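Asker:
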Amino acid sequence: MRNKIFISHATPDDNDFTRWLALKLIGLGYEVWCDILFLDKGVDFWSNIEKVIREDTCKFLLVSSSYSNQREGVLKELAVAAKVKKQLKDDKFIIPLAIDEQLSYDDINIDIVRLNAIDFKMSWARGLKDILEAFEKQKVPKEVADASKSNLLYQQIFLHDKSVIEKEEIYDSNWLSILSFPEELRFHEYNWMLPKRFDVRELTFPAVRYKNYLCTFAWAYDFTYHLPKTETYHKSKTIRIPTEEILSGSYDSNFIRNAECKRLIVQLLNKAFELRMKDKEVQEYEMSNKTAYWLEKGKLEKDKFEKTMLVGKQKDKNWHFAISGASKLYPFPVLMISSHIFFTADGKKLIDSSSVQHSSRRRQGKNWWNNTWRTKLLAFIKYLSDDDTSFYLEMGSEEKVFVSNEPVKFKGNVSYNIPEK
Amino acid sequence: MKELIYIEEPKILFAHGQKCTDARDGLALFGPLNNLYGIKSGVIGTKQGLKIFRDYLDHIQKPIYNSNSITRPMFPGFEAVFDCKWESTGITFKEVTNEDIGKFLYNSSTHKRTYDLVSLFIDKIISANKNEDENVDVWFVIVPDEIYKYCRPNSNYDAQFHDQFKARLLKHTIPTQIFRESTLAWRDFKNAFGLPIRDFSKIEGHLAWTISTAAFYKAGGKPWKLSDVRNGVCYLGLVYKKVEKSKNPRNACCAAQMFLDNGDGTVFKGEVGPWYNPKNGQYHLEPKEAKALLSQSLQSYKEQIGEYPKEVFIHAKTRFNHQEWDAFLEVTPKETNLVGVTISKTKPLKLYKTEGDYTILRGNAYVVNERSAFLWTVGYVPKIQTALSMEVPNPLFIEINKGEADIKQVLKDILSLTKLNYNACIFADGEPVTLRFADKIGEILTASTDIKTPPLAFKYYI
Numbered sequence: 001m002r003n004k005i006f007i008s009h010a011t012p013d014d015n016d017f018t019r020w021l022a023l024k025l026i027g028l029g030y031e032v033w034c035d036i037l038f039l040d041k042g043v044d045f046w047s048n049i050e051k052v053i054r055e056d057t058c059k060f061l062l063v064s065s066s067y068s069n070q071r072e073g074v075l076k077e078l079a080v081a082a083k084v085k086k087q088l089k090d091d092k093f094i095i096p097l098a099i100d101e102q103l104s105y106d107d108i109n110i111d112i113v114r115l116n117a118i119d120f121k122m123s124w125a126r127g128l129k130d131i132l133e134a135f136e137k138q139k140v141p142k143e144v145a146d147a148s149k150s151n152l153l154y155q156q157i158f159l160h161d162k163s164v165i166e167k168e169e170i171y172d173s174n175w176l177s178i179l180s181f182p183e184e185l186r187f188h189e190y191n192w193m194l195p196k197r198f199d200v201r202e203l204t205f206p207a208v209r210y211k212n213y214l215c216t217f218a219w220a221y222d223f224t225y226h227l228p229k230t231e232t233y234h235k236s237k238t239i240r241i242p243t244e245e246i247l248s249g250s251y252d253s254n255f256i257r258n259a260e261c262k263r264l265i266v267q268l269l270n271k272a273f274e275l276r277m278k279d280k281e282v283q284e285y286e287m288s289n290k291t292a293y294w295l296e297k298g299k300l301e302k303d304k305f306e307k308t309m310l311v312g313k314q315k316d317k318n319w320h321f322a323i324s325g326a327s328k329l330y331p332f333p334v335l336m337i338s339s340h341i342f343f344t345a346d347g348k349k350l351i352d353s354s355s356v357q358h359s360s361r362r363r364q365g366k367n368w369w370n371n372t373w374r375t376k377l378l379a380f381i382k383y384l385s386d387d388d389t390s391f392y393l394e395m396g397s398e399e400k401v402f403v404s405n406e407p408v409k410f411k412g413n414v415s416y417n418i419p420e421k
Numbered sequence: 001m002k003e004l005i006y007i008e009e010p011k012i013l014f015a016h017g018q019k020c021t022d023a024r025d026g027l028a029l030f031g032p033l034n035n036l037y038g039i040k041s042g043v044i045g046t047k048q049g050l051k052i053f054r055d056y057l058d059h060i061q062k063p064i065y066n067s068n069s070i071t072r073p074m075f076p077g078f079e080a081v082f083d084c085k086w087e088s089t090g091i092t093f094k095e096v097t098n099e100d101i102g103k104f105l106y107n108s109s110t111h112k113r114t115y116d117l118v119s120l121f122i123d124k125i126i127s128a129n130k131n132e133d134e135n136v137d138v139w140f141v142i143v144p145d146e147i148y149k150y151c152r153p154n155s201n202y203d204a205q206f207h208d209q210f211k212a213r214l215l216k217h218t219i220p221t222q223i224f225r226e227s228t229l230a231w232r233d234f235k236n237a238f239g240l241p242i243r244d245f246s247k248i249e250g251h252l253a254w255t256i257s258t259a260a261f262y263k264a265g266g267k268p269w270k271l272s273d274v275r276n277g278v279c280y281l282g283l284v285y286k287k288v289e290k291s292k293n294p295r296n297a298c299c300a301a302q303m304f305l306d307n308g309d310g311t312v313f314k315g316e317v318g319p320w321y322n323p324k325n326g327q328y329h330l331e332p333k334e335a336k337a338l339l340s341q342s343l344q345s346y347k348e349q350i351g352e353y354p355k356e357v358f359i360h361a362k363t364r365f366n367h368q369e370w371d372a373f374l375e376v377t378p379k380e381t382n383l384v385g386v387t388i389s390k391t392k393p394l395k396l397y398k399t400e401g402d403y404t405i406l407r408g409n410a411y412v413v414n415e416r417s418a419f420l421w422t423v424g425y426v427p428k429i430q431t432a433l434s435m436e437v438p439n440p441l442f443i444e445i446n447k448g449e450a451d452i453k454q455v456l457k458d459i460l461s462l463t464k465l466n467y468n469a470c471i472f473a474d475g476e477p478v479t480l481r482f483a484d485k486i487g488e489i490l491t492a493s494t495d496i497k498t499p500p501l502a503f504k505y506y507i
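For the record, the sequence lines run as chains C and B.
Numbering follows the authors' numbering, in which position 222 of the first sequence is assigned residue number 222; successive positions increment by one, without gaps.
Under the authors' numbering, the residues of the second sequence are numbered 1 to 155, 201 to 507, in order.
#1: To be precise: take each residue of the stretch 207-238 of chain B, compare its Cβ to all Cβ atoms of chain C, and keep it if any distance is under 9 Å. Which residues remain?
#2: Using DSSP bridges, identify the partner residues of B/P427.
#3: Taking any Cβ of chain B, which residues in the stretch 404-417 of chain C have a Cβ under 9 Å from it, in chain order?
#4: Looking at chain B, is there any beta carbon in it that lies within less than 9 Å of the beta carbon of C/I170?
#5: So the alpha helix (DSSP H) B/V437 belongs to, where does it begin and stop?
#6: Using 8 Å for Cβ pairs, my map puts C/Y154 next to C/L28. What's the rounded Cβ distance?
#7: What is the DSSP secondary structure of C/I351, reduced to helix, strand or coil?
#8: Taking the straight line between their C-alpha atoms, what separation do you get for B/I429 and B/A372?
#9: To which residues of the same chain is B/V426 closer than 6 Å at the C-beta, ignoring the five residues directly before and after it?
#10: Around the Cβ of B/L252, are there at least 16 other Cβ atoms within 10 angstroms (buried) or fewer (exposed)?
#11: DSSP state of B/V136, grouped into three classes?
#12: Please state whether the Cβ-Cβ distance between C/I170 and C/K349 is less than 9 Å.
#13: Would you kindly report the start and end of the unbroken beta strand (DSSP E) that includes C/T291?
#14: Here's the rule: buried if 16 or more other CB atoms are within 10 angstroms of the residue's CB, otherwise exposed. What is B/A237?
#15: Could you tell me whether the stretch 243-257 of chain B touches the stretch 286-293 of chain B, where touching means 3 or more Cβ pairs closer than 8 Å?
#16: How about B/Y280 and B/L462: do their beta carbons lie closer than 9 Å?
#17: Could you name the residues of chain B that C/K366 contacts, counting a contact when the two beta carbons are closer than 9 Å?
#18: Given that B/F419 touches chain C, what residues does it touch there, using C-beta distances under 9 Å?
#19: I'd like to know if B/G266 contacts chain C, where contact means its C-beta is closer than 9 Å to some C-beta of that chain.
#20: What are the residues that DSSP puts in a beta bridge with C/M336?
#21: Got a sec, what are the start and stop residues for the beta strand (DSSP E) B/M1 sits in?
#22: Quick test of your reading: B/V317 and B/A300, contact by CB under 8 Å. State the CB separation rounded to the nearest angstrom.
#23: Does chain B have any CB closer than 9 Å to the CB of C/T308?
#24: Can you pull the chain B neighbours of C/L23, defined as C-beta to C-beta under 8 Å?
#25: Going by beta carbon distance, what residues of the same chain come within less than 8 Å of C/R363, once the five residues before and after it are set aside?
#26: Is there a C-beta anywhere in chain B that falls below 9 Å from the one on C/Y154?
#27: Using only the alpha-carbon positions, how far apart do B/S389 and B/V143 sit?
#28: With 9 Å set as the bound, which would you pick, yes or no: does the beta-carbon of B/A253 sit closer than that to a beta-carbon of chain C?
#29: How is the beta strand (DSSP E) around B/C298 delimited, first residue to last?
#30: Using C-beta distances below 7 Å, list every residue in its chain close to C/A220, excluding the 5 sequence neighbours before and after it, in chain order.
#31: Which whole-angstrom value is the C-beta distance of C/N3 and C/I36, which I expect to be below 8 Å?
#32: Decide if B/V81 is buried, meaning its Cβ has at least 16 other Cβ atoms within 10 Å, or exposed.
#33: So, using beta-carbon positions, are C/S64 and C/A98 closer together than 9 Å?
#34: Under 7 Å, CB to CB, which of the residues in the stretch 308-342 of chain C have a partner in chain B?
#35: Alpha carbon to alpha carbon, what distance is there between B/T422 and B/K314?
#36: Kindly list, in the order they appear in chain B, the residues whose Cβ is closer than 9 Å to that of C/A272.
This is the structure we're talking about:
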């Protein structure tokens, strides 16, 4: 018995309305046939089209758009439709559905001009109501409406190739793990023998002020040259605290709180990173709250490290990849590197216009994707390496912290498929 | 290496009891949750503005496709998707002569001219609402471009047109939508080069989708509410704003945005006081204001539902100190569980895929510990085959600052809270809705410092 309602159209341009009406009608209680409903293909498609048109189809709507007016498939289906129309003696077997305004009345195919066209050009809902009225008048058998079948069909035909798959992936971050730390942190006895109002930050080996004492990663007698006034220090008044136990966080004494000690270590690491990259002949740019370091044009050959394009040109400007440093603990000891893009004109002198710099940063970064950022960050990390495995960061005369040059890897269990287009 | 867990995308409920993961497809396929008879429209502006609004209203009825039909699905038409009659006939029009606009457009003092233009709109709005026996749904204020160009800061009340306009009607409860002439008629408006100022030829369908969703919501209907729900759970978001005009630098104002299942939130206004510390730059409340705000929150919840909530979440951008939290805990009934979470975007951890130019999939999370974790809410998605943001995403830092709650449930809850934004029918947003509108609400409520209003629905603010 004939219950299937055929839709003919040109593909893939007319897929939108075809999908809409088919889904609404198949959720309304009817049964609809069209090319894009199955996604199986291969079973002698023309013979199947003949079989459904001649044997199973009840009504036939042709999308009388500009493209579908004379396409070979549409014309062939229309010829078979005329044959079966003469067979079943149904004058209203063919229903045109004009879906555009640019098709002139003279242009429409001769075989469909005579038949009454149900309007779909002004509004789709009124056209759907007209079609529903036509189907009530022509008394097509049907059951109750059910949109869950529409949901299932949309999920299984059109939400098929864009799902979540269980695939392993390896992601690279921008964090450097600290391998080893000095054995002990030393607090000295000063501020009665250094001059008052002293800026210890300008000293070579970094140090910080803690009320009476002086907190630094250095022995007692390494500051003689900077402060000749302090040569009288006796090496028996330096309190030493293991660093590994601070990392464990189990220290607790009236002298220092654990959080304050960790903050002092963070400041020391920040300063040490600052001077260590000062030694590596990279230019500095003082941002609003941090300092970012970049490479001058021509510092490295072809402005490239290995196979990464670090310094480039955009229009009448030169853009540089720059990095800024910071430290943190208690995920585990970590150093962060933050990426930035800066601009110049002559290759050495920065542009003093902040708004122009921001606009150029936006314009250049709009065309940078994940692979570019990852490769540039990896190349800049590798440029600072002293060994093949890690690079040292100075703590004192005989104290260093060795930071690995490979960021921490992350393992993911869910992935997708790269789109064809 | 470190392992990443996966959090599945939540589903939102739609018409006929069906659930979808994208709101646009569900709307175009099933329809909105609650349907109205039709939209009774009111427009105030010049005659040309009325003509432009009428033309656009007739235009959005026709189907309108987009260049990339897989990322930005097509718009069948307002009657087709929302099943409501938003027609260009039978609308109430109020006329503003160009001479009146020119009378106040040429004033030197920016604050003064902003005040006069706002009042010139507001008096007409209130007179039309009061004198007429007609019951208009929403008021569409179509404004010429020159006013917006000349009603912005640096061009005792704020110097922005949108914020002032939304603030002054807070006491009258009048839903208003502000449009420029250049947006509704982008094709007509051209530069000296002959090109349009605003090129919407590529995202016309998405623009119509957003406008239709906003108009349907502000008229009274609910487009969508999320499907997989925990019963009796409320969300609270705190907002602080330093008042610039105040002589004392420490004066600050607080507000609480309250959300339920439905995504139609309420706004509670707090008392202005010294909440800002200029030393370390963090905001904190005195005990009395905290008690008042929380008491109003659960009073509103009891009024809306009838029973005390089983759980309460207080999302904020900064950690809570002890006196604030014990003041908060003073008021809450003992049968309810309180959680206080902090969400901040300032943690610079970026994950890079080893192969392919695409970024990390959205939804992956790295749980640091049972109290703190990351969450990638703005990563890549396969549904539309394009990530939501450019460059490389920065994840949200979710740390349970106070109270005891499972971190995984909090992660799923915060991910679910990203699908409720009626102002834009988009796939998702990178910030939870409880904190997405912090700046807009704060500026709007600061624009008027004499605001003494009861709790109001969200549509009166946005």
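For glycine and all other residues, C-beta sits at the position ideal for the given N, C-alpha and C.
Answerer: Considering the structure as presented:
#1: none
#2: Position 382 of the second sequence, counted from the start, is the residue given in the question as residue 427 of chain B. According to DSSP, B/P427 bridges with nothing at all.
#3: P407, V408, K409, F410, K411, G412, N413, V414, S415, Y416, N417
#4: Taking the first sequence and counting its residues from 1, one reaches residue 170 of chain C at position 170. Judged by the 9 Å Cβ criterion, C/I170 is in contact with chain B.
#5: Residue 437 of chain B sits at position 392 when you count from the first residue of the second sequence. Premise fails: B/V437 is in no alpha helix (DSSP H) and is neither H nor E.
#6: Position 154 of the first sequence, counted from the start, is the residue given in the question as residue 154 of chain C. Position 28 of the first sequence, counted from the start, is the residue given in the question as residue 28 of chain C. Not confirmed; about 15 Å, so no contact.
#7: Position 351 of the first sequence holds residue 351 of chain C. Coil.
#8: Translated into the one-based positions of the second sequence, residue 429 of chain B becomes position 384. Translated into the one-based positions of the second sequence, residue 372 of chain B becomes position 327. Distance between the alpha carbons of B/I429 and B/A372: 46 Å.
#9: Along the second sequence, read from residue 1 onward, the residue named residue 426 of chain B stands at position 381. Within the same chain, B/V426 has close Cβ partners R407.
#10: Working through the second sequence from its first residue, we reach residue 252 of chain B at position 207. Result: buried.
#11: As a working mapping, residue 136 of chain B is identified with position 136 in the second sequence. Note: B/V136 maps to coil in three-state DSSP.
#12: Position 170 of the first sequence, counted from the first residue, corresponds to residue 170 of chain C. Position 349 of the first sequence, counted from the first residue, corresponds to residue 349 of chain C. No, these two residues do not count as a Cβ contact at 9 Å.
#13: What you label residue 291 of chain C is simply residue 291 of the first sequence in a count that begins at 1. Per DSSP, C/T291 belongs to the beta strand (DSSP E) from 291-294.
#14: In the second sequence, counting from the first residue as 1, residue 237 of chain B sits at position 192. Exposed is the call here.
#15: no
#16: Within the second sequence, the letter at position 235 stands for residue 280 of chain B. Within the second sequence, the letter at position 417 stands for residue 462 of chain B. Closer than 9 Å, so yes.
#17: By one-based count along the first sequence, residue 366 of chain C stands at place 366. Within chain B, the residues near C/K366 are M435, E436.
#18: In the second sequence, the residue the question calls residue 419 of chain B occupies position 374. Per Cβ cutoff of 9 Å: no residues; B/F419 is ~10 Å from chain C at best.
#19: Taking the first residue of the second sequence as position 1, residue 266 of chain B is located at position 221. Not one chain C Cβ lies under 9 Å of B/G266.
#20: Within the first sequence, numbered from 1, the residue matching residue 336 of chain C stands at position 336. Paired residue(s): C/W175, C/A326.
#21: Reading the second sequence from its first residue, position 1 is the one you call residue 1 of chain B. It is not in any beta strand (DSSP E) - B/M1 carries neither H nor E in the DSSP assignment.
#22: Within the second sequence, numbered from 1, the residue matching residue 317 of chain B stands at position 272. Within the second sequence, numbered from 1, the residue matching residue 300 of chain B stands at position 255. Not really, about 11 Å apart at Cβ, beyond 8 Å.
#23: Locating residue 308 of chain C in the first sequence gives position 308, where the first residue counts as 1. No, C/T308 lies away from the interface with chain B (no Cβ there is under 9 Å from its Cβ).
#24: Counted from its first residue, the first sequence places residue 23 of chain C at position 23. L29, listed in chain order.
#25: Counting from one through the first sequence, the residue named residue 363 of chain C turns up at place 363. Contacts found: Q314.
#26: Residue mapping note: residue 154 of chain C aligns to position 154 of the first sequence, counting from 1. It does: the Cβ of C/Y154 has a partner Cβ on chain B nearer than 9 Å.
#27: Counting from 1 along the second sequence, the entry for residue 389 of chain B is found at position 344. Counting from 1 along the second sequence, the entry for residue 143 of chain B is found at position 143. So the alpha carbons of these two residues sit roughly 36 Å apart.
#28: Numbered from its first residue, the second sequence carries residue 253 of chain B at position 208. It does not: the Cβ of B/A253 has no partner Cβ on chain C nearer than 9 Å.
#29: Counting from one through the second sequence, the residue named residue 298 of chain B turns up at place 253. Start and end: 296-304.
#30: For the purposes of this step, residue 220 of chain C is taken as residue 220 along the first sequence, with counting starting at 1. For C/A220, where only same-chain residues beyond five positions count, the Cβ hits under 7 Å are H188, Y233, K235, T238.
#31: As a working mapping, residue 3 of chain C is identified with position 3 in the first sequence. As a working mapping, residue 36 of chain C is identified with position 36 in the first sequence. Rounded, the Cβ-Cβ distance is 20 Å, inconsistent with contact.
#32: By one-based count along the second sequence, residue 81 of chain B stands at place 81. B/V81 is buried by the Cβ-count criterion.
#33: The sequence position of residue 64 of chain C within the first sequence is 64, counting from 1. The sequence position of residue 98 of chain C within the first sequence is 98, counting from 1. Going by C-beta atoms, C/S64 is nearer than 9 Å to C/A98.
#34: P331, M336, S338
#35: As a position in the second sequence, residue 314 of chain B is number 269, starting the count at 1. As a position in the second sequence, residue 422 of chain B is number 377, starting the count at 1. B/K314 and B/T422: Cα-Cα distance of roughly 29 Å.
#36: Counting from 1 along the first sequence, the entry for residue 272 of chain C is found at position 272. What C/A272 touches in chain B: nothing, since even the nearest Cβ is about 20 Å away.
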